[PDB]
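What's in entry.pdb: PDB, C-alpha atoms (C1' of nucleotides)
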ATOM      1  CA  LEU A   1      27.396  28.101  63.020
ATOM      2  CA  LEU A   2      30.130  27.262  65.594
ATOM      3  CA  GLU A   3      27.156  25.918  67.601
ATOM      4  CA  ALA A   4      26.459  22.840  65.417
ATOM      5  CA  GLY A   5      29.942  22.023  64.024
ATOM      6  CA  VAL A   6      29.395  23.686  60.641
ATOM      7  CA  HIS A   7      33.024  24.928  60.630
ATOM      8  CA  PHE A   8      34.324  21.296  60.901
ATOM      9  CA  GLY A   9      34.954  20.243  57.262
ATOM     10  CA  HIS A  10      36.111  16.823  55.956
ATOM     11  CA  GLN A  11      39.563  15.098  55.950
ATOM     12  CA  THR A  12      42.564  16.888  54.397
ATOM     13  CA  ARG A  13      43.558  13.930  52.168
ATOM     14  CA  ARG A  14      40.182  13.750  50.331
ATOM     15  CA  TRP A  15      39.497  17.415  49.500
ATOM     16  CA  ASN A  16      38.675  19.659  46.555
ATOM     17  CA  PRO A  17      41.436  22.318  46.144
ATOM     18  CA  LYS A  18      38.843  24.620  44.570
ATOM     19  CA  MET A  19      37.538  24.978  48.180
ATOM     20  CA  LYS A  20      40.398  26.708  50.065
ATOM     21  CA  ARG A  21      38.775  30.156  49.480
ATOM     22  CA  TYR A  22      36.209  28.917  52.068
ATOM     23  CA  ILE A  23      38.756  26.967  54.244
ATOM     24  CA  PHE A  24      40.445  28.470  57.348
ATOM     25  CA  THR A  25      43.247  26.237  58.736
ATOM     26  CA  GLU A  26      43.244  22.472  59.541
ATOM     27  CA  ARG A  27      43.246  20.381  62.774
ATOM     28  CA  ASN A  28      43.763  16.587  63.260
ATOM     29  CA  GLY A  29      43.866  15.726  59.539
ATOM     30  CA  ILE A  30      40.571  17.638  59.003
ATOM     31  CA  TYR A  31      40.047  21.053  57.361
ATOM     32  CA  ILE A  32      37.926  23.707  59.151
ATOM     33  CA  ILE A  33      35.640  26.128  57.238
ATOM     34  CA  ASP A  34      35.940  29.926  57.880
ATOM     35  CA  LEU A  35      32.483  30.796  59.230
ATOM     36  CA  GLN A  36      33.025  34.472  58.303
ATOM     37  CA  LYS A  37      32.332  33.440  54.664
ATOM     38  CA  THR A  38      29.362  31.200  55.657
ATOM     39  CA  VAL A  39      27.908  34.225  57.489
ATOM     40  CA  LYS A  40      28.165  36.200  54.181
ATOM     41  CA  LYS A  41      27.075  33.138  52.126
ATOM     42  CA  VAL A  42      23.996  32.092  54.142
ATOM     43  CA  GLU A  43      23.249  35.809  53.807
ATOM     44  CA  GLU A  44      23.277  35.797  49.967
ATOM     45  CA  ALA A  45      21.320  32.500  49.895
ATOM     46  CA  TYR A  46      18.587  33.737  52.290
ATOM     47  CA  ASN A  47      18.261  36.732  49.942
ATOM     48  CA  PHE A  48      18.459  34.537  46.796
ATOM     49  CA  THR A  49      15.702  32.245  48.109
ATOM     50  CA  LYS A  50      13.401  35.126  49.116
ATOM     51  CA  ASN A  51      14.020  36.904  45.789
ATOM     52  CA  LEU A  52      12.978  33.569  44.148
ATOM     53  CA  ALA A  53      10.021  32.804  46.482
ATOM     54  CA  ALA A  54       8.259  36.164  45.865
ATOM     55  CA  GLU A  55       8.647  35.729  42.064
ATOM     56  CA  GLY A  56       6.411  32.645  42.572
ATOM     57  CA  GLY A  57       9.207  30.043  42.568
ATOM     58  CA  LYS A  58       9.264  26.432  43.739
ATOM     59  CA  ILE A  59      12.301  24.930  45.484
ATOM     60  CA  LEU A  60      13.121  21.221  45.581
ATOM     61  CA  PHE A  61      15.113  20.067  48.666
ATOM     62  CA  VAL A  62      17.241  17.107  47.644
ATOM     63  CA  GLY A  63      18.904  15.377  50.573
ATOM     64  CA  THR A  64      18.982  11.581  50.456
ATOM     65  CA  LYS A  65      22.074  11.293  52.711
ATOM     66  CA  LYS A  66      21.257   9.705  56.108
ATOM     67  CA  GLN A  67      22.173  12.927  57.946
ATOM     68  CA  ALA A  68      19.698  15.071  55.900
ATOM     69  CA  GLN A  69      16.579  12.901  55.260
ATOM     70  CA  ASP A  70      14.425  14.258  58.081
ATOM     71  CA  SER A  71      15.579  17.899  57.748
ATOM     72  CA  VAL A  72      14.810  17.947  53.997
ATOM     73  CA  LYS A  73      11.310  16.499  54.560
ATOM     74  CA  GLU A  74      10.365  18.555  57.646
ATOM     75  CA  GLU A  75      11.891  21.806  56.366
ATOM     76  CA  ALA A  76      10.335  21.478  52.864
ATOM     77  CA  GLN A  77       6.894  20.696  54.372
ATOM     78  CA  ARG A  78       7.228  23.632  56.796
ATOM     79  CA  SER A  79       7.835  25.931  53.787
ATOM     80  CA  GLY A  80       5.167  24.191  51.612
ATOM     81  CA  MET A  81       7.856  23.105  49.135
ATOM     82  CA  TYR A  82       8.888  19.772  47.528
ATOM     83  CA  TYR A  83      11.577  17.229  48.466
ATOM     84  CA  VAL A  84      13.456  14.008  47.769
ATOM     85  CA  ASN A  85      14.827  12.136  50.787
ATOM     86  CA  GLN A  86      14.872   8.504  49.601
ATOM     87  CA  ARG A  87      16.310   8.282  46.109
ATOM     88  CA  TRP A  88      16.565  10.894  43.379
ATOM     89  CA  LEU A  89      14.956   9.200  40.354
ATOM     90  CA  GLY A  90      17.149   9.532  37.216
ATOM     91  CA  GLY A  91      15.000  11.853  35.168
ATOM     92  CA  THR A  92      13.054  13.562  37.958
ATOM     93  CA  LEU A  93      13.392  16.839  35.931
ATOM     94  CA  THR A  94      14.925  15.893  32.555
ATOM     95  CA  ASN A  95      12.311  13.146  32.155
ATOM     96  CA  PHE A  96       9.688  15.085  34.191
ATOM     97  CA  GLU A  97       6.802  14.133  31.846
ATOM     98  CA  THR A  98       7.436  10.448  32.603
ATOM     99  CA  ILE A  99       7.706  11.182  36.351
ATOM    100  CA  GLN A 100       4.430  13.105  35.804
ATOM    101  CA  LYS A 101       2.852   9.745  34.826
ATOM    102  CA  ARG A 102       3.702   8.346  38.264
ATOM    103  CA  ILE A 103       2.750  11.576  40.055
ATOM    104  CA  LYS A 104      -0.583  10.701  38.421
ATOM    105  CA  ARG A 105      -0.851   6.880  38.851
ATOM    106  CA  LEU A 106      -0.121   7.329  42.607
ATOM    107  CA  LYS A 107      -2.891   9.909  43.079
ATOM    108  CA  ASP A 108      -5.224   7.611  41.051
ATOM    109  CA  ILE A 109      -4.383   4.508  43.174
ATOM    110  CA  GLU A 110      -5.095   6.847  46.148
ATOM    111  CA  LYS A 111      -8.472   7.753  44.557
ATOM    112  CA  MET A 112      -9.280   4.004  44.163
ATOM    113  CA  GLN A 113      -8.824   3.722  47.971
ATOM    114  CA  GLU A 114     -11.198   6.738  48.471
ATOM    115  CA  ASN A 115     -14.114   6.271  45.951
ATOM    116  CA  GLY A 116     -14.268   2.539  46.793
ATOM    117  CA  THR A 117     -12.736   0.284  44.107
ATOM    118  CA  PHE A 118     -10.686  -1.762  46.658
ATOM    119  CA  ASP A 119     -13.683  -3.932  47.675
ATOM    120  CA  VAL A 120     -14.799  -4.506  44.033
ATOM    121  CA  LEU A 121     -11.930  -6.474  42.405
ATOM    122  CA  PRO A 122      -9.958  -7.800  45.417
ATOM    123  CA  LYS A 123      -7.608 -10.837  45.802
ATOM    124  CA  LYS A 124      -4.294 -10.358  43.866
ATOM    125  CA  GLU A 125      -5.353  -7.053  42.366
ATOM    126  CA  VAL A 126      -5.812  -4.865  45.488
ATOM    127  CA  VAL A 127      -2.711  -6.231  47.258
ATOM    128  CA  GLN A 128      -0.873  -5.389  43.996
ATOM    129  CA  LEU A 129      -2.243  -1.806  43.880
ATOM    130  CA  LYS A 130      -1.559  -1.076  47.570
ATOM    131  CA  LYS A 131       2.051  -2.366  47.270
ATOM    132  CA  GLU A 132       2.298  -0.077  44.187
ATOM    133  CA  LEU A 133       0.781   2.860  46.059
ATOM    134  CA  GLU A 134       3.562   2.290  48.638
ATOM    135  CA  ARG A 135       6.467   2.103  46.095
ATOM    136  CA  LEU A 136       5.140   5.473  44.818
ATOM    137  CA  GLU A 137       4.579   6.706  48.433
ATOM    138  CA  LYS A 138       8.251   5.955  49.130
ATOM    139  CA  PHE A 139       9.938   7.378  46.047
ATOM    140  CA  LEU A 140       7.709  10.177  44.681
ATOM    141  CA  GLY A 141       6.360  11.034  48.151
ATOM    142  CA  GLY A 142       7.529  14.691  48.249
ATOM    143  CA  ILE A 143       7.310  15.791  44.589
ATOM    144  CA  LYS A 144       3.773  14.297  44.822
ATOM    145  CA  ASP A 145       2.368  17.850  44.242
ATOM    146  CA  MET A 146       5.172  19.312  42.017
ATOM    147  CA  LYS A 147       3.313  20.547  38.901
ATOM    148  CA  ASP A 148       5.920  22.507  36.873
ATOM    149  CA  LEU A 149       9.706  22.192  36.981
ATOM    150  CA  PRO A 150      11.316  23.385  40.278
ATOM    151  CA  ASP A 151      12.860  26.820  39.828
ATOM    152  CA  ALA A 152      15.816  26.166  42.134
ATOM    153  CA  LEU A 153      17.276  23.155  43.961
ATOM    154  CA  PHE A 154      18.479  22.894  47.546
ATOM    155  CA  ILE A 155      20.990  20.019  47.407
ATOM    156  CA  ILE A 156      22.873  18.573  50.420
ATOM    157  CA  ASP A 157      26.270  16.929  49.861
ATOM    158  CA  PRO A 158      26.367  17.646  46.078
ATOM    159  CA  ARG A 159      28.791  14.688  45.762
ATOM    160  CA  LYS A 160      26.116  12.160  46.771
ATOM    161  CA  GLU A 161      23.639  14.130  44.588
ATOM    162  CA  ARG A 162      25.875  14.123  41.451
ATOM    163  CA  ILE A 163      22.801  12.911  39.509
ATOM    164  CA  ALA A 164      20.488  15.607  40.885
ATOM    165  CA  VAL A 165      23.101  18.260  40.175
ATOM    166  CA  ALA A 166      23.568  17.222  36.541
ATOM    167  CA  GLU A 167      19.805  17.275  35.869
ATOM    168  CA  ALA A 168      19.617  20.813  37.271
ATOM    169  CA  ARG A 169      22.658  21.953  35.342
ATOM    170  CA  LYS A 170      21.233  20.454  32.142
ATOM    171  CA  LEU A 171      18.042  22.491  32.471
ATOM    172  CA  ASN A 172      19.879  25.716  33.604
ATOM    173  CA  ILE A 173      18.026  25.727  36.944
ATOM    174  CA  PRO A 174      20.167  27.108  39.853
ATOM    175  CA  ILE A 175      21.391  24.964  42.776
ATOM    176  CA  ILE A 176      21.733  26.263  46.322
ATOM    177  CA  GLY A 177      23.994  23.574  47.759
ATOM    178  CA  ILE A 178      25.453  22.944  51.194
ATOM    179  CA  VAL A 179      28.991  22.233  49.913
ATOM    180  CA  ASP A 180      31.703  20.593  52.073
ATOM    181  CA  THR A 181      35.506  20.786  51.595
ATOM    182  CA  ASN A 182      35.227  17.810  49.167
ATOM    183  CA  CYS A 183      32.786  19.493  46.755
ATOM    184  CA  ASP A 184      33.297  21.218  43.394
ATOM    185  CA  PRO A 185      31.819  24.700  44.180
ATOM    186  CA  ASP A 186      31.411  25.709  40.480
ATOM    187  CA  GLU A 187      28.476  23.342  39.788
ATOM    188  CA  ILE A 188      26.545  24.962  42.651
ATOM    189  CA  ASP A 189      25.197  28.480  41.886
ATOM    190  CA  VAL A 190      24.689  29.525  45.531
ATOM    191  CA  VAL A 191      27.462  27.858  47.579
ATOM    192  CA  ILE A 192      26.969  27.463  51.358
ATOM    193  CA  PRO A 193      30.353  26.362  52.841
ATOM    194  CA  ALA A 194      29.456  24.028  55.681
ATOM    195  CA  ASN A 195      29.703  20.533  57.128
ATOM    196  CA  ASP A 196      26.948  18.391  55.587
ATOM    197  CA  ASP A 197      28.078  15.228  57.479
ATOM    198  CA  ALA A 198      26.537  16.328  60.842
ATOM    199  CA  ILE A 199      22.769  16.265  61.528
ATOM    200  CA  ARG A 200      22.719  19.454  63.647
ATOM    201  CA  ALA A 201      24.697  21.272  60.916
ATOM    202  CA  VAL A 202      22.309  20.467  58.029
ATOM    203  CA  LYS A 203      19.247  20.952  60.249
ATOM    204  CA  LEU A 204      20.312  24.553  60.946
ATOM    205  CA  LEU A 205      21.205  25.541  57.377
ATOM    206  CA  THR A 206      18.099  23.824  55.911
ATOM    207  CA  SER A 207      15.917  25.752  58.387
ATOM    208  CA  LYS A 208      17.087  29.181  57.117
ATOM    209  CA  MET A 209      16.118  28.455  53.490
ATOM    210  CA  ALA A 210      12.609  27.452  54.550
ATOM    211  CA  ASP A 211      12.603  30.588  56.782
ATOM    212  CA  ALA A 212      13.124  32.804  53.687
ATOM    213  CA  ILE A 213      10.201  31.069  51.977
ATOM    214  CA  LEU A 214       8.023  31.721  55.048
ATOM    215  CA  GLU A 215       9.374  35.317  55.388
ATOM    216  CA  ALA A 216       8.101  36.118  51.831
ATOM    217  CA  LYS A 217       4.869  34.224  52.675
ATOM    218  CA  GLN A 218       4.458  36.965  55.353
TER     219      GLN A 218
ATOM    220  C1'   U B   1       3.047 -27.807  -9.974
ATOM    221  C1'   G B   2      -1.011 -26.077  -6.458
ATOM    222  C1'   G B   3      -2.835 -28.378  -2.347
ATOM    223  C1'   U B   4      -2.077 -32.064   1.543
ATOM    224  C1'   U B   5       0.983 -35.143   4.129
ATOM    225  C1'   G B   6       4.903 -37.111   6.837
ATOM    226  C1'   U B   7       9.536 -34.938   9.461
ATOM    227  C1'   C B   8      14.129 -30.356  14.177
ATOM    228  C1'   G B   9       7.547 -28.054  17.306
ATOM    229  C1'   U B  10       9.256 -25.462  23.327
ATOM    230  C1'   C B  11      13.281 -26.403  23.773
ATOM    231  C1'   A B  12      15.772 -20.836  24.593
ATOM    232  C1'   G B  13      13.648 -14.664  25.910
ATOM    233  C1'   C B  14      13.412 -10.621  22.636
ATOM    234  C1'   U B  15      12.191  -5.176  22.268
ATOM    235  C1'   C B  16      10.004  -0.027  22.676
ATOM    236  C1'   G B  17       8.847   5.248  24.509
ATOM    237  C1'   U B  18      11.041   9.097  27.090
ATOM    238  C1'   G B  19      15.613  10.235  29.716
ATOM    239  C1'   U B  20      20.669   9.711  30.298
ATOM    240  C1'   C B  21      25.970   8.335  28.821
ATOM    241  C1'   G B  22      29.195   8.044  24.177
ATOM    242  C1'   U B  23      32.263  12.118  18.433
ATOM    243  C1'   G B  24      30.360   7.351  16.918
ATOM    244  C1'   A B  25      29.080   2.190  16.195
ATOM    245  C1'   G B  26      26.861   1.630  20.736
ATOM    246  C1'   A B  27      25.289   1.366  26.261
ATOM    247  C1'   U B  28      21.809   1.782  30.081
ATOM    248  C1'   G B  29      16.878   0.270  31.052
ATOM    249  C1'   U B  30      17.534  -5.658  30.438
ATOM    250  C1'   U B  31      25.467  -6.053  34.154
ATOM    251  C1'   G B  32      23.766  -5.784  40.525
ATOM    252  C1'   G B  33      22.051  -8.988  45.477
ATOM    253  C1'   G B  34      18.703 -12.567  46.513
ATOM    254  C1'   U B  35      14.584 -15.810  44.990
ATOM    255  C1'   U B  36      11.432 -18.978  41.565
ATOM    256  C1'   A B  37       9.454 -24.603  37.909
ATOM    257  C1'   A B  38      10.203 -20.120  35.173
ATOM    258  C1'   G B  39      11.497 -15.923  29.870
ATOM    259  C1'   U B  40       9.624 -15.715  38.277
ATOM    260  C1'   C B  41       9.203 -12.011  41.932
ATOM    261  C1'   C B  42      11.376  -8.484  45.342
ATOM    262  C1'   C B  43      15.252  -5.253  46.452
ATOM    263  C1'   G B  44      18.496  -2.516  44.350
ATOM    264  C1'   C B  45      20.378   1.165  40.429
ATOM    265  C1'   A B  46      20.697   6.922  35.202
ATOM    266  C1'   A B  47      16.940   5.458  34.693
ATOM    267  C1'   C B  48      11.528   5.936  34.744
ATOM    268  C1'   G B  49       7.530   3.117  32.530
ATOM    269  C1'   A B  50       5.664  -0.242  28.840
ATOM    270  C1'   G B  51       5.097  -4.074  24.836
ATOM    271  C1'   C B  52       5.687  -8.940  22.693
ATOM    272  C1'   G B  53       6.513 -13.855  23.892
ATOM    273  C1'   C B  54       5.082 -17.071  28.334
ATOM    274  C1'   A B  55       0.567 -17.679  30.492
ATOM    275  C1'   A B  56      -4.316 -16.538  29.294
ATOM    276  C1'   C B  57      -8.078 -16.292  25.759
ATOM    277  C1'   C B  58     -11.770 -21.468  23.626
ATOM    278  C1'   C B  59     -13.580 -26.616  25.277
ATOM    279  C1'   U B  60     -13.950 -30.407  29.415
ATOM    280  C1'   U B  61     -13.953 -31.721  34.803
ATOM    281  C1'   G B  62     -13.925 -31.048  40.619
ATOM    282  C1'   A B  63     -17.335 -27.386  44.870
ATOM    283  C1'   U B  64     -21.338 -24.018  45.217
ATOM    284  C1'   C B  65     -25.323 -20.623  44.187
ATOM    285  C1'   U B  66     -29.317 -18.387  41.212
ATOM    286  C1'   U B  67     -32.860 -19.093  37.211
ATOM    287  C1'   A B  68     -35.670 -23.388  34.916
ATOM    288  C1'   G B  69     -38.802 -27.866  36.626
ATOM    289  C1'   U B  70     -40.502 -31.455  31.944
ATOM    290  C1'   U B  71     -40.668 -35.901  28.746
ATOM    291  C1'   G B  72     -36.088 -35.759  34.307
ATOM    292  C1'   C B  73     -36.622 -36.291  40.337
ATOM    293  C1'   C B  74     -40.118 -39.092  44.788
ATOM    294  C1'   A B  75     -37.628 -37.086  50.361
ATOM    295  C1'   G B  76     -42.132 -36.559  52.832
ATOM    296  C1'   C B  77     -48.185 -38.131  51.553
ATOM    297  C1'   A B  78     -52.302 -41.842  48.122
ATOM    298  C1'   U B  79     -51.247 -46.033  44.897
ATOM    299  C1'   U B  80     -47.824 -50.430  43.429
ATOM    300  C1'   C B  81     -45.914 -55.052  38.764
ATOM    301  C1'   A B  82     -43.784 -50.436  38.655
TER     302        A B  82
END

Represent the structure from my file as structure tokens, please.
Amino acid sequence: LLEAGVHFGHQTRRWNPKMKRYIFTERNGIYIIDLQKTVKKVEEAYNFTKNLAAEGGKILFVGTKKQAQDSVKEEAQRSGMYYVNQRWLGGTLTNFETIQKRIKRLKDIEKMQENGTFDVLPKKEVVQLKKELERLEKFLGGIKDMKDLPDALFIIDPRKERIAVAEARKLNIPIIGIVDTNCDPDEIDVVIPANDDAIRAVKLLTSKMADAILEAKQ
RNA sequence: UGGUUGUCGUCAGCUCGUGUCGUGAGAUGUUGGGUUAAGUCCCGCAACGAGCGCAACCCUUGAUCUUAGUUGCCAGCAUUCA
């Protein structure tokens, strides 16, 4: 935790005052997070995840900030989960049935590549379908398998993910968020007080969630 | 009066499903940054996708191939006014 710079929160000027129950002192116009709480928070979350994984849950890892794109992919894949690391599509869950059309289409344009319909009707048509396979292999690349609604989210910087958070909260699905000092901690069900704006920081905290999925898999 | 004629005939962009925002009328999608002859296309983006119109569909022509060689063709052979 001290290792990565988790403790190091954001600037003092642009903070959420609902956060100071996880803040421990400032330095150089920047709040610092009390890791003692994070210890006891990462705890509850590890438990929460593993209590959800063994039920038969699915977790979506939503981190489209530059610092958390690789982590979210790699860590979701490691724990055979889902993820969004490019853009959360307005209505991923609230309009899931429409996103289920594209989760189809994509797989079907992938089947056209397999069976052999890309040397039948070529010219404009196959260029079109490949460039459409790629739009769907950018945006729906991680929820590609997601069959039923995710049963919890793992959001990173829930201020960038305002739109993810509000879909989750609409459908009464919990949200395990890595919250900074500039984040409303009431939206998030399982808060994890940490820096989200460092790559090492995220990469550590993301790992432990996927660890709890793999610990119930064993 | 029917019907048929002249005469404002391309000239402009319109919408939907689901989702979301709004008490609501509404909004978004379809305001953004480029780009195109364009009602174009790509990137965006709380939207994700689609429809209509446009264009196409029908007819004609430019290249080629396959099938069909007769009453059409004669290159290469016999004839010859042909």

Starting from chain A, keep only residues with some atom at most 7 Å from an atom of chain B, counting only C-alpha atoms (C1' of nucleotides), and report them as a compact mmCIF listing (two decimals) with C-alpha atoms, keeping the file's coordinate frame.
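Final file, result-v3.txt:
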# COMPACT_ATOMS: atom_id res chain seq x y z
CA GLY A 90 17.15 9.53 37.22
CA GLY A 91 15.00 11.85 35.17
CA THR A 94 14.92 15.89 32.56
CA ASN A 95 12.31 13.15 32.16
CA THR A 98 7.44 10.45 32.60
CA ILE A 99 7.71 11.18 36.35

**Request:** For the structure shown, which residues end up in the PyMOL selection byres ((chain B and resi 32) around 12)? Put them as JSON, numbers by chain, please?
**Result:** {"B": [30, 31, 33, 34, 43, 44, 45]}

**Asked** Which polymer residues have any atom within 9 Å of an atom of residue 59 in chain A, counting only C-alpha atoms (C1' of nucleotides), with same-chain residues fewer than 4 positions away left out, as a list in words?
**Response**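 The filter keeps residues 49, 52, 53, 76, 81, 82, 83, 150, 151, 152, 153 and 154 of chain A.
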
**Request:** For a cut-off of 8 Å around (34.5, 19.5, 47.5), file coordinates, pick out all residues using all atoms listed in the file and list them as a PyMOL selection string.
**Result:** chain A and resi 15-19+159+179-185

**Message:** I need the output of the PyMOL selection byres ((chain A and resi 137) around 12) for this file as a list in words; which residues are they?
**Reply:**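 When the PyMOL selection byres ((chain A and resi 137) around 12) is applied, the selected residues are residues 84, 85, 86, 102, 103, 104, 105, 106, 107, 109, 110, 129, 130, 131, 132, 133, 134, 135, 136, 138, 139, 140, 141, 142, 143 and 144 of chain A.
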
**Message:** Which residues are near residue 195 in chain A? Cut-off 8 Å, all atoms listed in the file, ignore same chain within fewer than 5 positions. Put them as a PyMOL selection string.
**Reply:** chain A and resi 5-10+178-180+201-202

**Request:** Find the residue from A:57, A:123, A:212, A:186 that sits nearest to residue 148 in chain A; use only C-alpha atoms when measuring.
**Result:**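 Selected residue with least distance to residue 148 in chain A: A:57.
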
**Message:** Since I can't run it myself right now, could you work out what the PyMOL selection byres ((chain B and resi 38) around 12) selects here and report it as a VMD selection string?
**Reply:** chain B and resid 12 to 13 35 to 37 39 to 41 54 to 55

**Straight-line distance linking CA of residue 187 in chain A with CA of residue 160 in chain A, stated in Å to one decimal** = 13.4 Å

**Request:** In Å, rounded to a single decimal, give me how far CA of residue 64 in chain A is from CA of residue 87 in chain A.
**Result:** 6.1 Å

**Point-to-point distance in Å for CA of residue 29 in chain A and CA of residue 164 in chain A** =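 Going from CA of residue 164 in chain A over to CA of residue 29 in chain A, I get 29.9 Å.
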
**Prompt:** residue 41 in chain A: which residues within 7 Å, counting only C-alpha atoms (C1' of nucleotides), same-chain residues fewer than 3 positions away excluded, as a count of residues only?
**Reply:** 6

For range 53-63 of chain B, what centre and edge lengths in Å (one decimal) does the axis-aligned box get once 5 Å is added on each side of all its listed atoms, as JSON?
{"center_x": -5.4, "center_y": -22.8, "center_z": 34.2, "size_x": 33.8, "size_y": 27.9, "size_z": 31.2}

Could you add N, CA, C and O atoms to range 135-147 of chain A and give me the result as a PDB file, in the frame of the given file?
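Final output, saved to out-v3.pdb:
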ATOM      1  N   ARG A 135       5.282   1.822  46.911  1.00  0.00           N
ATOM      2  CA  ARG A 135       6.467   2.103  46.095  1.00  0.00           C
ATOM      3  C   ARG A 135       6.433   3.572  45.648  1.00  0.00           C
ATOM      4  O   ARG A 135       7.421   4.272  45.795  1.00  0.00           O
ATOM      5  N   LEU A 136       5.290   4.073  45.184  1.00  0.00           N
ATOM      6  CA  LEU A 136       5.140   5.473  44.818  1.00  0.00           C
ATOM      7  C   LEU A 136       4.980   6.416  46.025  1.00  0.00           C
ATOM      8  O   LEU A 136       5.124   7.629  45.860  1.00  0.00           O
ATOM      9  N   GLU A 137       4.616   5.906  47.212  1.00  0.00           N
ATOM     10  CA  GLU A 137       4.579   6.706  48.433  1.00  0.00           C
ATOM     11  C   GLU A 137       5.899   6.573  49.205  1.00  0.00           C
ATOM     12  O   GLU A 137       6.004   7.033  50.343  1.00  0.00           O
ATOM     13  N   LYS A 138       6.893   5.895  48.629  1.00  0.00           N
ATOM     14  CA  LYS A 138       8.251   5.955  49.130  1.00  0.00           C
ATOM     15  C   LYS A 138       9.029   6.938  48.257  1.00  0.00           C
ATOM     16  O   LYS A 138       9.628   7.872  48.786  1.00  0.00           O
ATOM     17  N   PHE A 139       8.954   6.782  46.929  1.00  0.00           N
ATOM     18  CA  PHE A 139       9.938   7.378  46.047  1.00  0.00           C
ATOM     19  C   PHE A 139       9.479   8.752  45.556  1.00  0.00           C
ATOM     20  O   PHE A 139      10.281   9.689  45.606  1.00  0.00           O
ATOM     21  N   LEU A 140       8.213   8.896  45.146  1.00  0.00           N
ATOM     22  CA  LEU A 140       7.709  10.177  44.681  1.00  0.00           C
ATOM     23  C   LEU A 140       6.859  10.849  45.758  1.00  0.00           C
ATOM     24  O   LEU A 140       5.946  11.611  45.425  1.00  0.00           O
ATOM     25  N   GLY A 141       7.201  10.624  47.039  1.00  0.00           N
ATOM     26  CA  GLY A 141       6.360  11.034  48.151  1.00  0.00           C
ATOM     27  C   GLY A 141       6.301  12.553  48.365  1.00  0.00           C
ATOM     28  O   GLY A 141       5.327  13.048  48.935  1.00  0.00           O
ATOM     29  N   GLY A 142       7.358  13.276  47.947  1.00  0.00           N
ATOM     30  CA  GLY A 142       7.529  14.691  48.249  1.00  0.00           C
ATOM     31  C   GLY A 142       7.252  15.589  47.051  1.00  0.00           C
ATOM     32  O   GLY A 142       6.642  16.643  47.211  1.00  0.00           O
ATOM     33  N   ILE A 143       7.689  15.160  45.853  1.00  0.00           N
ATOM     34  CA  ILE A 143       7.310  15.791  44.589  1.00  0.00           C
ATOM     35  C   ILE A 143       5.894  15.393  44.165  1.00  0.00           C
ATOM     36  O   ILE A 143       5.503  15.700  43.037  1.00  0.00           O
ATOM     37  N   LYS A 144       5.164  14.669  45.031  1.00  0.00           N
ATOM     38  CA  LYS A 144       3.773  14.297  44.822  1.00  0.00           C
ATOM     39  C   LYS A 144       2.915  15.453  44.274  1.00  0.00           C
ATOM     40  O   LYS A 144       2.055  15.203  43.437  1.00  0.00           O
ATOM     41  N   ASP A 145       3.139  16.701  44.711  1.00  0.00           N
ATOM     42  CA  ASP A 145       2.368  17.850  44.242  1.00  0.00           C
ATOM     43  C   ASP A 145       3.019  18.560  43.050  1.00  0.00           C
ATOM     44  O   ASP A 145       2.295  19.082  42.203  1.00  0.00           O
ATOM     45  N   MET A 146       4.365  18.585  43.001  1.00  0.00           N
ATOM     46  CA  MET A 146       5.172  19.312  42.017  1.00  0.00           C
ATOM     47  C   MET A 146       4.536  19.283  40.622  1.00  0.00           C
ATOM     48  O   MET A 146       4.485  18.224  39.989  1.00  0.00           O
ATOM     49  N   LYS A 147       4.044  20.446  40.159  1.00  0.00           N
ATOM     50  CA  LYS A 147       3.313  20.547  38.901  1.00  0.00           C
ATOM     51  C   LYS A 147       4.227  20.909  37.731  1.00  0.00           C
ATOM     52  O   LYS A 147       4.216  20.199  36.726  1.00  0.00           O
TER      53      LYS A 147
END
